[PDB]
Structures are given as C-alpha cells and as structure tokens.
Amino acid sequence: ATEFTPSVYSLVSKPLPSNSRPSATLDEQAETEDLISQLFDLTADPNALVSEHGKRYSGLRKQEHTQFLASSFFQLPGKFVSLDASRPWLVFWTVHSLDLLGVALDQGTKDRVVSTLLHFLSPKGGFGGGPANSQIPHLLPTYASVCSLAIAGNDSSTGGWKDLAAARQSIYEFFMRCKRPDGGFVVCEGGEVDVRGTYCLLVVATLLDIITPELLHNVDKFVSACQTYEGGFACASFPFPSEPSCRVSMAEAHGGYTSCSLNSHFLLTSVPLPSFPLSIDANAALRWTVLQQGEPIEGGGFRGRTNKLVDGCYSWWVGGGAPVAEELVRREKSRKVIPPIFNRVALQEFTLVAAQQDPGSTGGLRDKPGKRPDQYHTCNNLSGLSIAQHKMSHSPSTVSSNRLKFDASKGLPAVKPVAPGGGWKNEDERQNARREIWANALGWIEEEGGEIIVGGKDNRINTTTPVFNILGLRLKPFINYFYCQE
C-alpha cells in the first residue's frame, strides 16, 4: 500500500534551491525548512519497529489533545473576544475533533451544545456567530452550527434536529436573501461574496433538503470561474456585464478556497438540472492539489498556495480536497471512453511529528513548529490526518444502492420558493432531485484494505467524510432525519 507513499525519513531532505537569487520568500522558506527538519531529526521515525532511544516519540497524543479541547470548551479567556463572532466554529472544531479522537460527550454536555447553538438561530432564518439577540445570521456559522448539531444532537425533543427541521423554510429564505444574480452569495446582509459562503450554503441546503432551481441558478458558473491558471481556485469570480459577458477569478489559487470550490462543485454534480453544473478543469485541480504537498525537508505537509509555507490546517483544505478532485478526474476519464494520489504516509508523518504540540504541555495541534496550537488547527490537522489514514472514494455502486433504497414518499414539506416559478417543475422532478442529492451525499466510502496507519494502530482516528467533514456515522442519521429515510 506504500510503494508510492515514501516515508519522509526514507527520502533525501534538501533545501529548496536558491538559483543564486535570494528573496524574502526564500528566506522564510529556508527558515521553515530548518525548523521542521530539525524537529523531524529529534523525533523517532514513526515507521520504526522499536522506538529509538533519546528521540521523541511521535505517537498521537490523543489524551493531551482531548484535554486541550476540554479546557477551552467550557471557558475561554478574554483574548478569544476576537473569535466572539466565530463561536459556532469553536463548537464545531471541538466536537468534530472529539468525534475524530473517538471521545464521547455525555448527554448533558451534548444538550448544552444543542442549547447553545439553538440560541444562535434567528427566527427569520440562519445561525449567527453568537446569540440571535446579538448577531445577525451568517452562512459560515450556519454551516458550523448545522454540522455541530449533526455531531451533538439527536431526533428527540431536546436534540435540536426538530428545531432545524422547523427552520427549513426560514433558512432557505435567508439563503435566497443572500443570493446574487451572478451566482455568488453574500455571507450575511451586506457581507462579502466568495466560495466559502457557497460551500457553507450548499452543504446546509443539501443536508436539510432545501435545494431548488432558483437557489442554484448561476452558482455553478460563479464557482467554475474561480479556477485560476494554476488549477486551484480563488475566493471569487467577477462578473463583467454584457447575463455577464465573462467572469474572471479575483486572486490566487488557495487551498481554503480550492477546498470550498471543489466541494461546492461536487455537491452540484448531484443536482439534476440541464447542462448543470458548468464543468471545471478537474485535471488541473488535481495537479494543483498534489503540487502543494511539501518536500521531505518540510515534513510532507501541505502549503496553501505556491511559494508559501506548509501549514497543518491544509491537511484538511488541500488533502481533503484530493478525493474530490480524484473522483472528478475519474468521471471525466469515464466520459472520454490504483496508486494513492498524494503521499498519504508523509502527511501523517507531518501530523504526528510536526503538527502536534510538544509532549507534556497544553496539547493541541498547530500550523507548524513555533506556532501555538488552537482549536482550528486541531480540527483541521485531525481531519486531514483522517483523509490520509483512510482511503476515501465516492462509490457509484454505493450511490446506486442508495438510489435503490430511497423512499421518495417520505419527506418534510417542500420549500416554498421566493419566486413563483423558482421551484422544481413537478413532483417527479423534485423527488428525482431529492433522490440524487441524498444518494450522492451518502456515496463516500472508506475502501476496504486501503487503511494506512503510520506509527501503528493506536494512531488511528475515525473516518471523516470528504466534502462535509463530519463522520459518516453522524452524516447518515442526520441527513436521513431531514429526508425522512430509515
């Protein structure tokens, strides 16, 4: 399984060559190479059969990371004010990380999570970054809140899911208020337009069965035009008027926006609209993705854009986009008519050796050595570690089996579109859409025999789902609840 995933310790580490042309980029790169390679030098090779003497042991310090997340989970110092508008993310980073680490919350604590998040829900639609009496709704807290309710909630009267179901029409109306004619969404009233909002909106709309044609119009075109000449995706595309005569990407290909763009596009491929979604260049996206994996001297972590530094959070943003790009490339190959596509071993080595907090301290995972761990990097390092450990693919036979078991006669009330002709043409078309969207959302599998657990089985974490980034054992009962499947 490792013929094409060489360990970082098995390869010659060498600096990025200067070509005798110094620059500020190269000064930072070289300094970062020194930092990471020195930590690898102090650390026993995780693949070694007996851990070496004097060296640091790289085993995943799951209990330290649990304690890191617990201490910040029930009280945060005053400095976290800068994240006061991000508290649903603090919830999500915590409870998804605990899911990945295999640590259960008790029911009382889960109930506190649900109650906290429901106080962020506005009756007019959507979650904000804080209580509804203090913050307006925002697409990004709405994703983080919905996913956190998938992780911590349940179908009972105190489980939060019932409240989400009752909120479907208002959430939909919030989404439609966010919609721009060119296919972008503002993240909130008066807010910025980029693929983060598209991603967060499409995930929530998929999970809650509130997708309509009017919601999706031009959304595919906005995302497709975000792809740059490098093959990744920028934050947004600009529509030049003549509807628009052309669309132009507005910045660099970036791992964060490439994740959101690939995931958004992938979610759109489930939607049965004519000539929809507008295609992307999947091969160029796959090429960009694999090119962002760092060299052995930088630990095999991912960078977020060309000529910048590796960072553990891109294990999720870039690494977690790889199965999506791979599947889109597979689909185009099949339309014209298996070795791992990135170094799954090296990414785990980066996570274990470089991205963990030094042992016996606060715990947590981090951007890189020399950076303080935080909830965000803890969640995204572990999410990317999961993608590296477990070979995830989107299985057509699984989707086909899902189609066979779908019950189109069960479901929540159809959303009422804002425009008279903005819904599905008829129940045949709406039910076919519900079936395709639900069946593909549940199409990701872990490939049997594809597991690679660097450092031994005690390093294994649970399997996250590409596109959604929650465990499948959370995704399945959650989306089944809102589509009334069982």
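Think of the rigid core as the biggest set of C-alphas that the two forms share within 1.5 Å after superposition. Each residue number is its position in the shown sequence, starting from 1.
Participant: Between 298 to 306 and 69 to 77, which has its CA atoms farther from the current form in 7 other deposited structures of this protein, using a rigid core superposition?
Facilitator: Higher root mean square deviation of C-alphas in 7 other deposited structures of this protein is shown by 69 to 77.
Participant: Counting only residues of the deposited sequence, how many between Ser242 and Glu243 have no atoms in the entry (none, 1 to 3, 4 to 9, 10 or more)?
Facilitator: In the record, 10 or more residues between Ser242 and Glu243 lack coordinates.
Participant: Pick one of none, 1 to 3, 4 to 9 or 10 or more for the number of deposited-sequence residues not modelled between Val337 and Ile338.
Facilitator: Missing in between: 10 or more residues.
Participant: When the C-alpha temperature factors are averaged for each of 360 to 368 and 314 to 322, which stretch ends up with the higher value in the entry?
Facilitator: Higher of the two, by average CA B-factor, is 360 to 368.
Participant: May I ask you to compare 475 to 483 and 4 to 12 by their mean CA B factor in the entry and name the higher one?
Facilitator: Result of the comparison: 4 to 12.
Participant: Between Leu291, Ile341, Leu309, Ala236, let me know which has the highest C-alpha B-factor in the entry?
Facilitator: Checking the PDB record, the top C-alpha B-factor among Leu291, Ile341, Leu309, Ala236 is at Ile341.
Participant: Using the temperature factors in the entry, find which of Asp182, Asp194, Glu295, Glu349 has the highest value at its Cα atom.
Facilitator: The listed residue with the largest C-alpha B-factor is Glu295.
Participant: Rank-wise, by C-alpha B-factor, drop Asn263 into the lowest, middle or highest third of its chain.
Facilitator: Its C-alpha B-factor belongs to the lowest third of this chain's values.
Participant: Comparing against every modelled residue in the chain, figure out the third that the C-alpha B-factor of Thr212 lands in (lowest, middle or highest).
Facilitator: Middle third - that is where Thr212 ends up once the chain's C-alpha B-factors are sorted.
Participant: Which third, lowest, middle or highest, does the C-alpha temperature factor of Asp458 belong to within its own chain?
Facilitator: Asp458: CA B-factor falls in the lowest third of its chain.
Participant: Is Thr228 in the lowest, middle or highest third of its chain when residues are ranked by C-alpha B-factor?
Facilitator: It belongs to the middle third of the chain when residues are ordered by C-alpha B-factor.
Participant: Consider only the C-alpha atoms of the modelled residues in this chain, order them by B-factor as the entry records it, and name the third containing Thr66: lowest, middle or highest.
Facilitator: Middle third.
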